[PDB]
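A lone chain, given as structure tokens: the form deposited in one PDB entry.
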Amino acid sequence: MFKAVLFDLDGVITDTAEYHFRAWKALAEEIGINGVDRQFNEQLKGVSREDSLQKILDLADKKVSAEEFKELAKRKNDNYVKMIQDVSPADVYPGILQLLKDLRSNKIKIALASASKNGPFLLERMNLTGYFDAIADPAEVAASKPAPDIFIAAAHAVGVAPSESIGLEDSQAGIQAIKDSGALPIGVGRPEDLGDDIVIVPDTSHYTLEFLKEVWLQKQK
């Protein structure tokens, strides 16, 4: 039986991409760049802060200095911090709170496996701090997803080996990170984006303790 569940933040617990979008839209409007709409936000999914800023500058074929590029990326981060003050328990994805309650009552460890520098603050905004046993130590993460580092760190933070854990993710890079950590991946999303080899669920409402137990026992063959 598994002893821990390692949670990714964006796309599993909540939608932080929406707040990243509002941050980028605020920056674009300030510097006078049109086109940062909902359809453009899809080109920013799973893309780094630097490459995302470049895509926004590309919308106006705008060239900036290395110093101004750094300043704009900083200004976006400041915008993001202001945007996330609005995160509330209403932001929690369906089924996640009940899963957290069920894991805690069954003495199964809960860890946050996120590359977010605002992870604990977001859990606090969502009233989820009491369910989390530990957050992955950023000092033990040398490389990001697809590298297994973050999931290995999350498992270790709750006192378990990755092999005794289940990892929940919405991205292909994150699924690969769980696989290489030794933990069992259960993905969330469309089969067109994630692939056949692992167990995938359409949405987070399917992430029940009953289902996690079933999948775990099935993969012990």
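The first residue of the shown sequence is 1; numbering continues from there.
Below, we turn to the form deposited in another entry, even though it does not appear here.
- When the change between the shown form and the other one is described as the motion of two rigid parts, residue 12 sits in the same part as residue 97.
- Relative to the shown form, the CA atoms of residue 46 and residue 9 are brought 3 Å or more closer together in the other form.
- Note on residue 163 and residue 140: their C-alpha atoms are more widely spaced in the other form, a change of at least 3 Å from this conformation.
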